[PDB]
Amino acid sequence: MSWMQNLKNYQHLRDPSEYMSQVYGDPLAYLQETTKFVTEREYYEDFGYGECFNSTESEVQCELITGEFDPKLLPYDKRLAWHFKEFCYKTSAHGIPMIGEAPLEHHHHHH
């Protein structure tokens with residue numbers, strides 16, 4: 001939500017707090033996310049993002065509707081904005097990548 005916008009307005013270090021609450025999939029993935037910072041194949045090919053790429057939906061649902069992550073308070077860095085768009089601002093959910101790949105891994109967090 002708005003706090004993700006608040007922090008991204010000044011990405012100082014690598015604070016995973018909002019990223020671990022932003023993860024609409026497996027938290028381990030967004031750990032890789034916040035740690036690497038748009039710099040790795042496995043990052044955007046094997047483990048990152050959430051339901052926007054993987055073949056499942058988890059405890060947290062895609063923030064697209066219920067929150068705010070668009071480049072509004074985010075300083076203009078095209079490479080960064082592009083990736084954050086790729087993972088978060090994704091139209092085709094569950095499948096279809098942009099730069100890297102999308103593993104169709106089945107993961108049932110809860111019934």
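Scroll up for the structure.
The structure contained in this document is the topic of the report that follows. (Residues numbered from 1 in each chain as written, not as in the entry; some residues may be left out. Heavy atoms only, no water.)

Ranked by internal contacts, the top residues of the largest apolar core, which has 18 residues, are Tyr 24, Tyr 30 and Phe 87. In terms of residue count, helix α5 (residues 78-87) provides more of this core than any other element does, three residues in total. If near-sequence neighbours (up to four positions away) are discounted, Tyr 24 is found in contact with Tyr 30, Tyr 49, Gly 50, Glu 51, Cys 52, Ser 58, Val 60, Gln 61, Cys 62, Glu 63, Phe 87 and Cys 88. (Core = buried A, V, L, I, M, F, W, Y, C linked by side-chain atoms within 4.5 Å. Buried < 20%, exposed > 50% of the residue type's maximum accessible area, 1.4 Å probe, protein only. Helix = DSSP H or I, 4+ residues; strand = E, 2+ residues; numbered from the N terminus. Contact = heavy atoms within 4.5 Å.)

Moving on to the pattern of salt bridges. Applying the stated criterion across every chain yields a total of one salt bridge. Close ionic contact of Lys 72 with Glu 68 constitutes a salt bridge, the shortest N to O distance being 2.7 Å. In this structure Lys 72 comes out as exposed when scored by relative accessible area, which is 57%. For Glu 68, a relative accessible area of 24% gives the class partly exposed. (Salt bridge = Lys/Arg side-chain N within 4 Å of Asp/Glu carboxyl O.)

So, on to the side chain of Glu 63. In this structure, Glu 63 sits in helix α4 (residues 63-66). Here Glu 63 sits buried without a salt bridge, and the closest side chain of opposite charge, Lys 8, lies 9.9 Å off (N-O distance). Within the structure, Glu 63 has its side chain in polar contact with the backbone nitrogen of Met 1 (distance 2.8 Å). (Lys, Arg positive; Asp, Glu negative; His and termini not counted. Polar contact = N/O pair within 3.5 Å; in protein donor to acceptor, adjacent residues only side chain to side chain.)

With respect to the helices and strands, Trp 3 occurs in helix α1 (residues 2-8). Residue class for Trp 3 comes out exposed when judged on its relative accessible area of 55%. When the C-alpha atoms of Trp 3 and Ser 17 are compared, they prove to be 9.9 Å apart, with 14 residues separating the residues in sequence.

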